[PDB]
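Enquirer: Chains as they are written, first to last, in PDB author numbering: chain P, 1 to 83; chain Q, 2 to 100; chain H, 1 to 138; chain L, 5 to 128; chain T, 8 to 106; chain D, 2 to 209.
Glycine is no exception: its CB is placed at the ideal position from the N, C-alpha and C atoms.
Pasting a structure here, questions to come.
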Amino acid sequence: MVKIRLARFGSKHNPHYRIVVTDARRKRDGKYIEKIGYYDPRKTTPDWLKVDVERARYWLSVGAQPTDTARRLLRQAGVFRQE
Amino acid sequence: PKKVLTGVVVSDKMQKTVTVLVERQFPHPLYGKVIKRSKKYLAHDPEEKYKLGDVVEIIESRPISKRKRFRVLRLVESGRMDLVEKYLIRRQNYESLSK
Amino acid sequence: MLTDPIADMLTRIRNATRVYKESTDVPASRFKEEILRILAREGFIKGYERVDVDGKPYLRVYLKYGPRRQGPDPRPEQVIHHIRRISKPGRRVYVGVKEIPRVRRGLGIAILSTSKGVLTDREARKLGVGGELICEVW
Amino acid sequence: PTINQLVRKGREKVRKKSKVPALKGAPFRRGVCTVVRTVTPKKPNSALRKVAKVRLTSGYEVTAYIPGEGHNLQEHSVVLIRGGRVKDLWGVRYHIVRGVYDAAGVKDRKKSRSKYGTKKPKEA
Amino acid sequence: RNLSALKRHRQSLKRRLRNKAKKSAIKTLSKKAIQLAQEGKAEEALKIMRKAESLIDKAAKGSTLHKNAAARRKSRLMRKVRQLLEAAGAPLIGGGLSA
Amino acid sequence: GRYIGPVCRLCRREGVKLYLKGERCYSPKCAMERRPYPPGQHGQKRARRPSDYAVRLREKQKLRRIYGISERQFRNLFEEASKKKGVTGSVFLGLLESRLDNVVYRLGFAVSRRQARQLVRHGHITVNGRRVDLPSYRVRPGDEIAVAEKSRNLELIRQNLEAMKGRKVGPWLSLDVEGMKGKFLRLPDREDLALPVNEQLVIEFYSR
RNA sequence: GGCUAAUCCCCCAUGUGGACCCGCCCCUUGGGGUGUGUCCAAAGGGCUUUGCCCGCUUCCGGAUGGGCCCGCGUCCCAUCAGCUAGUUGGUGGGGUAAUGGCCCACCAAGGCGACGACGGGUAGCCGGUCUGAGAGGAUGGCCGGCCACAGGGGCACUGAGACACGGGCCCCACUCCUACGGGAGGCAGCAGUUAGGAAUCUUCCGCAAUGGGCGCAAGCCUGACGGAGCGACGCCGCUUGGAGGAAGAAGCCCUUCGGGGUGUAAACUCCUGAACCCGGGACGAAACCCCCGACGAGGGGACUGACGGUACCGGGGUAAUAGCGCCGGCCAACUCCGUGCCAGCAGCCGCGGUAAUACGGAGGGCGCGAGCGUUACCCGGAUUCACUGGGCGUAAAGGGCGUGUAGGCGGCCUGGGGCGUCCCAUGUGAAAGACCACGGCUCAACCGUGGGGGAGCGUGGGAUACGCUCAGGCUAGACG
Ligand SMILES: [Mg+2]
Ligand SMILES: [Mg+2]
Ligand SMILES: [Mg+2]
Ligand SMILES: [Mg+2]
Ligand SMILES: [Mg+2]
Ligand SMILES: [Mg+2]
Ligand SMILES: [Mg+2]
Ligand SMILES: [Mg+2]
Ligand SMILES: [Mg+2]
Ligand SMILES: [Mg+2]
Ligand SMILES: [Mg+2]
Ligand SMILES: [Mg+2]
Ligand SMILES: [Mg+2]
Ligand SMILES: [Mg+2]
Ligand SMILES: [Mg+2]
Ligand SMILES: [Mg+2]
Ligand SMILES: [Mg+2]
Ligand SMILES: [Mg+2]
Ligand SMILES: [Mg+2]
Ligand SMILES: [Mg+2]
Ligand SMILES: [Mg+2]
Ligand SMILES: [Mg+2]
Ligand SMILES: [Mg+2]
Ligand SMILES: [Mg+2]
Ligand SMILES: [Mg+2]
Ligand SMILES: [Mg+2]
Ligand SMILES: [Mg+2]
Ligand SMILES: [Mg+2]
Ligand SMILES: [Mg+2]
Ligand SMILES: [Mg+2]
Ligand SMILES: [Mg+2]
Ligand SMILES: [Mg+2]
Ligand SMILES: [Mg+2]
Ligand SMILES: [Mg+2]
Ligand SMILES: [Mg+2]
Ligand SMILES: [Mg+2]
Ligand SMILES: [Mg+2]
Ligand SMILES: [Mg+2]
Ligand SMILES: [Mg+2]
Ligand SMILES: [Mg+2]
Ligand SMILES: [Mg+2]
Ligand SMILES: [Mg+2]
Ligand SMILES: [Mg+2]
Ligand SMILES: [Mg+2]
Ligand SMILES: [Mg+2]
Ligand SMILES: [Mg+2]
Ligand SMILES: [Mg+2]
Ligand SMILES: [Mg+2]
Ligand SMILES: [Mg+2]
Ligand SMILES: [Mg+2]
Ligand SMILES: [Mg+2]
Ligand SMILES: [Mg+2]
Ligand SMILES: [Mg+2]
Ligand SMILES: [Mg+2]
Ligand SMILES: [Mg+2]
Ligand SMILES: [Mg+2]
Ligand SMILES: [Mg+2]
Ligand SMILES: [Mg+2]
Ligand SMILES: [Mg+2]
Ligand SMILES: [Mg+2]
Ligand SMILES: [Mg+2]
Ligand SMILES: [Mg+2]
Ligand SMILES: [Mg+2]
Ligand SMILES: [Mg+2]
Ligand SMILES: [Mg+2]
Ligand SMILES: [Mg+2]
Ligand SMILES: [Mg+2]
Ligand SMILES: [Mg+2]
Ligand SMILES: [Mg+2]
Ligand SMILES: [Mg+2]
Ligand SMILES: [Mg+2]
Ligand SMILES: [Mg+2]
Ligand SMILES: [Mg+2]
Ligand SMILES: [Mg+2]
Ligand SMILES: [Mg+2]
Ligand SMILES: [Mg+2]
Ligand SMILES: [Mg+2]
Ligand SMILES: [Mg+2]
Ligand SMILES: [Mg+2]
Ligand SMILES: [Mg+2]
Ligand SMILES: [Mg+2]
Ligand SMILES: [Mg+2]
Ligand SMILES: [Mg+2]
Ligand SMILES: [Mg+2]
Ligand SMILES: [Mg+2]
Ligand SMILES: [Mg+2]
Ligand SMILES: [Mg+2]
Ligand SMILES: [Mg+2]
Ligand SMILES: [Mg+2]
Ligand SMILES: [Mg+2]
Ligand SMILES: [Mg+2]
Ligand SMILES: [Mg+2]
Ligand SMILES: [Mg+2]
Ligand SMILES: [Mg+2]
Ligand SMILES: [Mg+2]
Ligand SMILES: [Mg+2]
Ligand SMILES: [Mg+2]
Ligand SMILES: [Mg+2]
Ligand SMILES: [Mg+2]
Ligand SMILES: [Mg+2]
Ligand SMILES: [Mg+2]
Ligand SMILES: [Mg+2]
Ligand SMILES: [Mg+2]
Ligand SMILES: [Mg+2]
Ligand SMILES: [Mg+2]
Ligand SMILES: [Mg+2]
Ligand SMILES: [Mg+2]
Ligand SMILES: [Zn+2]
Numbered sequence: 001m002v003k004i005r006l007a008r009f010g011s012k013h014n015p016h017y018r019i020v021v022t023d024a025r026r027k028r029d030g031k032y033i034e035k036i037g038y039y040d041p042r043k044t045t046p047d048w049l050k051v052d053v054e055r056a057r058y059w060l061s062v063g064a065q066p067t068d069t070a071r072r073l074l075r076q077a078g079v080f081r082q083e
Numbered sequence: 002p003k004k005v006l007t008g009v010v011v012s013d014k015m016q017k018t019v020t021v022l023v024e025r026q027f028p029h030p031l032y033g034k035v036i037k038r039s040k041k042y043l044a045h046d047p048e049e050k051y052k053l054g055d056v057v058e059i060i061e062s063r064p065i066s067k068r069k070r071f072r073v074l075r076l077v078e079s080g081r082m083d084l085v086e087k088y089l090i091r092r093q094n095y096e097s098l099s100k
Numbered sequence: 001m002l003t004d005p006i007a008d009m010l011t012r013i014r015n016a017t018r019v020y021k022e023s024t025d026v027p028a029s030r031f032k033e034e035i036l037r038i039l040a041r042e043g044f045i046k047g048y049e050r051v052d053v054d055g056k057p058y059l060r061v062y063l064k065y066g067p068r069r070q071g072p073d074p075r076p077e078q079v080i081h082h083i084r085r086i087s088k089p090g091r092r093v094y095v096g097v098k099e100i101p102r103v104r105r106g107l108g109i110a111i112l113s114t115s116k117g118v119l120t121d122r123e124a125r126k127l128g129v130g131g132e133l134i135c136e137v138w
Numbered sequence: 005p006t007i008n009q010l011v012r013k014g015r016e017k018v019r020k021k022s023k024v025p026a027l028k029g030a031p032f033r034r035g036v037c038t039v040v041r042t043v044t045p046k047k048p049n050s051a052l053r054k055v056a057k058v059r060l061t062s063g064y065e066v067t068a069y070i071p072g073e074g075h076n077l078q079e080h081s082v083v084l085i086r087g088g089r090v091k092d093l094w095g096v097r098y099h100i101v102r103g104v105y106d107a108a109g110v111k112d113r114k115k116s117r118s119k120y121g122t123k124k125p126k127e128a
Numbered sequence: 008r009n010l011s012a013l014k015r016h017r018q019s020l021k022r023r024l025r026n027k028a029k030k031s032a033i034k035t036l037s038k039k040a041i042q043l044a045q046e047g048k049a050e051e052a053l054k055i056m057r058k059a060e061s062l063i064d065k066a067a068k069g070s071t072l073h074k075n076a077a078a079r080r081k082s083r084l085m086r087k088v089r090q091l092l093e094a095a096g097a098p099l100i101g102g103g104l105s106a
Numbered sequence: 002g003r004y005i006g007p008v009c010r011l012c013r014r015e016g017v018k019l020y021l022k023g024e025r026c027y028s029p030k031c032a033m034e035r036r037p038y039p040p041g042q043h044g045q046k047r048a049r050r051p052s053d054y055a056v057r058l059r060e061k062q063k064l065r066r067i068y069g070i071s072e073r074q075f076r077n078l079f080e081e082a083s084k085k086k087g088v089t090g091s092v093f094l095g096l097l098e099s100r101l102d103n104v105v106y107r108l109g110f111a112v113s114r115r116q117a118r119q120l121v122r123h124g125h126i127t128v129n130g131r132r133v134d135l136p137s138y139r140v141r142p143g144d145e146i147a148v149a150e151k152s153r154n155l156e157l158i159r160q161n162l163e164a165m166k167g168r169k170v171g172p173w174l175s176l177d178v179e180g181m182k183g184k185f186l187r188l189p190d191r192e193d194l195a196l197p198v199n200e201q202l203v204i205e206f207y208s209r
């Protein structure tokens, strides 16, 4: 069930996340389909999130599901706003 | 690209099958001379259309037997029996070199 | 039989120059003639002409040397100090365009024979093509 | 050789032998002495060189040198073998290591003590 | 100990028996139709044959067959029935067959 | 920790004056006055012509001993320089000169390179307003090297500062002595630097 | 043996559609359409039960994951030269999701091999790594990808998926239970024990984060994981003080008895203030849920830490660990004493058989420094397997000579083709690493973000000198 989720790229005590499209059944940290974004929990830069919506939109079109966290980030960047 | 190769038909013995011979020249990986090798492809002649000493195109195919993956596309040229004679001889030479 | 005619030209030339001849006859063909055209252009030979020898046609390669010299060994510097085949039958060589060689940091050449014709190193770079790397000269 | 000959035949990569079967490749092996002894050196010198035949945990049995001055070792001592040869003695390819297992360090020795396995002297 | 996907085995047993049954049914029927065909007793052969076809698609409905599994078994059967129906076949019921 | 012990002896062994000592490496006590020969029994005896190796060695040595830097730090910093795009000798020198302890020295807060290492280390020093204690911190051009107002009252600090009145600071820097603020305007060149060292001898040392 | 519920099983029905046989059309390997005949569906549950949420059925496409097949690449031995019976093809058939001797019967007599078949030896493969000026050599630990195995061998069942590590049957070895009948096991999962070994950690914390399973949810599960502990195993930062201070204390060292050395080193002077004590004290964490709006969007809106009272900020504050190798040459660093072919040193050359800068201490010296030496192994050096880049008259090396098979190599002129070769376009060359730039932890190590590069191979286009090649000339080679 092809998902969209945070995978963990930082160092110990320094997380950074690649928000990615990947089959449910890969490792968290192993080969993904596409990397659509990044996340920075400790927010050490004005870029602590990014998306490329029209990409996230594509992967939604084909029925990827996100994490709840992932969905949260996606909506932060608002793949979701329809107005 | 289903792959096509071109070769000479050096054995017709089998039923509906021809032994095809395909040369490859390629530059040697270190010494850089161009060395020219080859292999026998086992290729599927359904109608026994093709005959020994022909030259054919052979195409990567849906498997026919263990060892047949290729069938016979066209006739590029008919009549090179010299080539056949080469192969027949290389193999003829084998009869020395033993015991 | 002759065997690599182009080597045999470059050689006829190498020997000729070391014994300081004014000229030499290399038996002829359009490819040698093209190799030579480039030599003349580049300043290695004086030039060359087409002659006949007992009917069978050759090329006089007229030769260039330095001026005469000081002390023991008055023999003048060579103009072709170095000439050598690179691709040979039995090992052929081909450079891409990004492999074409810098000869003596530029003061020499490389005759490449390309699909655009026979050119020097720089000539091929500026032309943007690769080829059979024939000889270097310097 | 021509090039066609290099294609046909090609250069031979060159093997080598391990001057040491401690086998196992290991940096040291543990073993149990059999003989503790002395021997007479090769031609250019003269002396008494202390050495032990050993059974090694490698299913392997070898004369091994006993470096230093004072050595305690005897016929049932269990010792750790080193590697390196004594150029003027016959068949001794390895060294014993002082301070390890039964072989104790060279006592009274003030100078090169990493080797020789001797601890550091106190001072006041 | 007593890990409880023990239950899984327990089930897999029952399922086993169910598939086996269903599938035996299928065979015995199929052969029945076939013999019947050899005999060229046409209409009879057909009525069995249809029971067989159906029971096949039923087997399909679940985990006995699914897929092309069934379709393979059916095409095989029908071909063979029809082929077997020449010794003067004149295929009476013609229920299962396109005219 | 890089070498802590009788320094003026290194003034001696490198044959030349390298003041890690501050004042008194000025005042004619440096022992480099009237005892310039190297240390130990054989110091005052003849010099056997030094191997090519030896030459290269002690030049590398002079150049390191100056900055009081570990060989580790030094050589890593060096291969840093040889990767860095452009001429290695100079690049290197600029890098070493870019060390925070060094800048603190060059700016005149402490009389010794070493003293200044203490200054960095104990956090008496800030850069762009933020305290830094790591002597190896890289000062990038445009950075502002300042004393720490907390210690701006310190005996030693204002001491050295007052002696720094009207004295001129190297051209790749600027200094304000009333605010202790300073500025590292540019990475310095071979020329900007007086170093009693042939750098290519050091590059040459690391060839082999 | 008996009772019984269901989204468990079965039978009719409906046929959107689908399966299958025969026909037709298009397409072209079993792709798509169509007609007739035959066969094929389903399950209910929860709520505020008049309407929605959770499911169920047949189909069509999507997405992601995979099966299978082909070219090419992928170690040593030729003192392994022949190998081959389902073996090689075929017809029919069984099997499968699916091609296939995958299997079975019947038919033919093939298939492979010096371009190294068969045999034997070793071995998980790659991204990459180490080394190298490069070409190359070596390697494949951790991280990522693939494979394979789960005590050894065989086997299937269930299922979308397995021939299934913590599922099942059988055989074998072993451990344990045993009323001798027979049963039970399977840490190459996290820890831990035990052996073996030179040697490799805690039977810790946590579900807070991230990820995964089931669930409408609340939520349970997770030795994935996030953390902590251990070991200088590696890398990186850091401390063992800073400044002043004798023409230079004492001890110890040589001494030409004048002196020289240790050495600004110490003592002492003064300043900072590792440890440590005190207070404050994190980010990682906003979702799931809450409410409003329609359980959407949007909008607000509150609960949620293992690490941890740790990182860190403020305050106060003590001069506060040094070691290891080496000093004959290669090689940076020399003297005295002691020993006298001994004791010993030793990588190679080679030291010691009374003046030893080579052995053993000492003073001094060099090199590194929380390390420093040693052994082992790999590349380097080694242009010493020579593609780059070697040789064979006497140094190792021309086969005793020839005929001539495969093979390698091929004069001059023109034309066709465009296989080699070259150029452009595009696809691919995952990520991580590596290179560049910027940035984030006070720095670095470490990390992030972006950029760039890249042999190779697919496709399309193009060039034709050389190399192939086909056709036609030639006569300088060769033969007559
Ligand atoms: Mg998977
Ligand atoms: Mg992106
Ligand atoms: Mg959408
Ligand atoms: Mg035939
Ligand atoms: Mg077949
Ligand atoms: Mg034979
Ligand atoms: Mg001319
Ligand atoms: Mg070459
Ligand atoms: Mg002797
Ligand atoms: Mg269950
Ligand atoms: Mg029956
Ligand atoms: Mg079939
Ligand atoms: Mg540089
Ligand atoms: Mg540059
Ligand atoms: Mg400047
Ligand atoms: Mg180097
Ligand atoms: Mg019952
Ligand atoms: Mg019962
Ligand atoms: Mg049902
Ligand atoms: Mg029905
Ligand atoms: Mg219909
Ligand atoms: Mg159809
Ligand atoms: Mg119908
Ligand atoms: Mg019902
Ligand atoms: Mg589908
Ligand atoms: Mg596929
Ligand atoms: Mg292959
Ligand atoms: Mg058999
Ligand atoms: Mg058979
Ligand atoms: Mg078949
Ligand atoms: Mg072959
Ligand atoms: Mg193995
Ligand atoms: Mg391996
Ligand atoms: Mg490198
Ligand atoms: Mg080299
Ligand atoms: Mg080499
Ligand atoms: Mg490799
Ligand atoms: Mg390998
Ligand atoms: Mg591995
Ligand atoms: Mg791995
Ligand atoms: Mg794969
Ligand atoms: Mg197994
Ligand atoms: Mg085991
Ligand atoms: Mg097994
Ligand atoms: Mg299932
Ligand atoms: Mg099944
Ligand atoms: Mg299956
Ligand atoms: Mg398995
Ligand atoms: Mg287990
Ligand atoms: Mg059991
Ligand atoms: Mg043990
Ligand atoms: Mg651990
Ligand atoms: Mg959790
Ligand atoms: Mg979760
Ligand atoms: Mg509820
Ligand atoms: Mg549990
Ligand atoms: Mg962990
Ligand atoms: Mg240790
Ligand atoms: Mg360190
Ligand atoms: Mg001081
Ligand atoms: Mg004194
Ligand atoms: Mg104080
Ligand atoms: Mg927060
Ligand atoms: Mg927080
Ligand atoms: Mg909130
Ligand atoms: Mg409401
Ligand atoms: Mg919202
Ligand atoms: Mg909100
Ligand atoms: Mg929660
Ligand atoms: Mg706490
Ligand atoms: Mg403090
Ligand atoms: Mg304070
Ligand atoms: Mg002190
Ligand atoms: Mg020396
Ligand atoms: Mg020694
Ligand atoms: Mg004596
Ligand atoms: Mg003596
Ligand atoms: Mg003597
Ligand atoms: Mg001595
Ligand atoms: Mg020595
Ligand atoms: Mg000594
Ligand atoms: Mg000493
Ligand atoms: Mg070490
Ligand atoms: Mg080597
Ligand atoms: Mg060579
Ligand atoms: Mg090469
Ligand atoms: Mg040689
Ligand atoms: Mg001789
Ligand atoms: Mg000889
Ligand atoms: Mg001879
Ligand atoms: Mg001979
Ligand atoms: Mg001959
Ligand atoms: Mg021939
Ligand atoms: Mg030619
Ligand atoms: Mg082409
Ligand atoms: Mg490309
Ligand atoms: Mg990459
Ligand atoms: Mg990384
Ligand atoms: Mg990195
Ligand atoms: Mg930074
Ligand atoms: Mg192309
Ligand atoms: Mg053309
Ligand atoms: Mg042409
Ligand atoms: Mg053309
Ligand atoms: Mg040819
Ligand atoms: Mg002709
Ligand atoms: Mg004639
Ligand atoms: Zn000084």
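With H, G and I counted as helix, E and B as strand and the rest as coil, what does DSSP make of residue 274(D)?
Expert: Residue 274(D) lies beyond the range of chain D shown here (2 to 209); nothing can be said about it.
Enquirer: Based on Cα-Cα distance, which residue from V137(H), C135(H), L112(H), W138(H) lies nearest to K126(H)?
Expert: As a working mapping, residue 126(H) is identified with position 126 in the third sequence. Checked all of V137(H), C135(H), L112(H), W138(H); the closest Cα to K126(H) is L112(H).
Enquirer: Can you pull the DSSP bridge partners for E98(D)?
Expert: Indexing the sixth sequence from 1 puts residue 98(D) at position 97. DSSP, once it has assigned bridges, lists no residue as partnering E98(D).
Enquirer: For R84(H), would you say it is in contact with chain Q, using Cβ-to-Cβ distances shorter than 8 angstroms as the test?
Expert: Position 84 of the third sequence, counting from 1, holds the residue named residue 84(H). It does not; no Cβ of chain Q falls within 8 angstroms.
Enquirer: Would you say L62(T) and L36(T) are within 8 angstroms of each other, going by their C-beta atoms?
Expert: Translated into the one-based positions of the fifth sequence, residue 62(T) becomes position 55. Translated into the one-based positions of the fifth sequence, residue 36(T) becomes position 29. Cβ atoms of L62(T) and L36(T): closer than 8 angstroms.
Enquirer: Within 8 angstroms of any Cβ in chain H, is that where the Cβ of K34(Q) sits?
Expert: As a position in the second sequence, residue 34(Q) is number 33, starting the count at 1. At a cut-off of 8 angstroms between C-beta atoms, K34(Q) counts as an interface residue with respect to chain H.
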